[PDB]
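Next up: just one chain, as structure tokens, the form deposited in one PDB entry.
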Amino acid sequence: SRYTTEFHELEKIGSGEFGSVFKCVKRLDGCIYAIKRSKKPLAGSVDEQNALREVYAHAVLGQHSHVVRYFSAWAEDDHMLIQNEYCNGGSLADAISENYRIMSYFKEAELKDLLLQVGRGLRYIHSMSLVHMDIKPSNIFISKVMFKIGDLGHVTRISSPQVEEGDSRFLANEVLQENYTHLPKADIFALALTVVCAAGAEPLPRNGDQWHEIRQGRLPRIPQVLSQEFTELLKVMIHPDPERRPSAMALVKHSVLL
């Protein structure tokens, strides 16, 4: 196999229904990569289409410091592989879990920095006429800390008529309603909530009354004091009217983030 011959597998770093992810040394170049090895979907299937969109997204989203770099993808056995930049700080989700246990969260300057860096990655994705569709802390990677958007498994063109919905803790209501007129603003909504998690919030709801309440534009409770200016930004990014949310470009240019 290419995998076995070109790479020394060092550590399993992620597991799922879908893949495993391994941290690997490439024998020839001496660098470490994250490699995801998933089961090759059935040719011609809607699932292969999805799989290959991740690959096509990666191969047009290799120029940005806030999007995980792609190196290669290939097929072999009944396996599909993708070889990506290794981020050695793990996911934002794990940094959040650790913080939760020690009751020490991202402080406002760190939250702004998180917001801005991921904001830059979305502005880039969005300028390629693409939308990420699954922004959440387990899809943000940490490498000065750098945050990088990864897991382009839900990526779609901005005017697609059909969309695979991302995680429901982060899902904007308009997408759940199958209204795709303003898909970029779904990423904006998911990002605010990602920043709310980083700020120390309880785990977000998947359904039920608390789910619906956030979708009315109410920020979950954050266990620390933030500037009014910053809270207002987060709250407008979850506005029930998607047009009210800032675009990624307005976000990066925002005076709160200057």
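C-alpha atoms forming the largest set that superposes within 1.5 Å between two forms make up the rigid core. In case it trips you up, residue 1 is the first one in the sequence shown, and so on.
One more form of this protein, deposited in another entry, exists but is not displayed; see below.
In a core superposition between the shown form and the other one, the Cα of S104 is the only one among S104, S168, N88, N179 shifting by 2 Å or more. For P205, a C-alpha deviation below 2 angstroms is recorded between the shown form and the other one after rigid-core alignment.
For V225, a C-alpha deviation below 2 angstroms is recorded between the shown form and the other one after rigid-core alignment. Core-superposed comparison between the shown form and the other one: the CA of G44 exceeds or equals a 2 Å shift.
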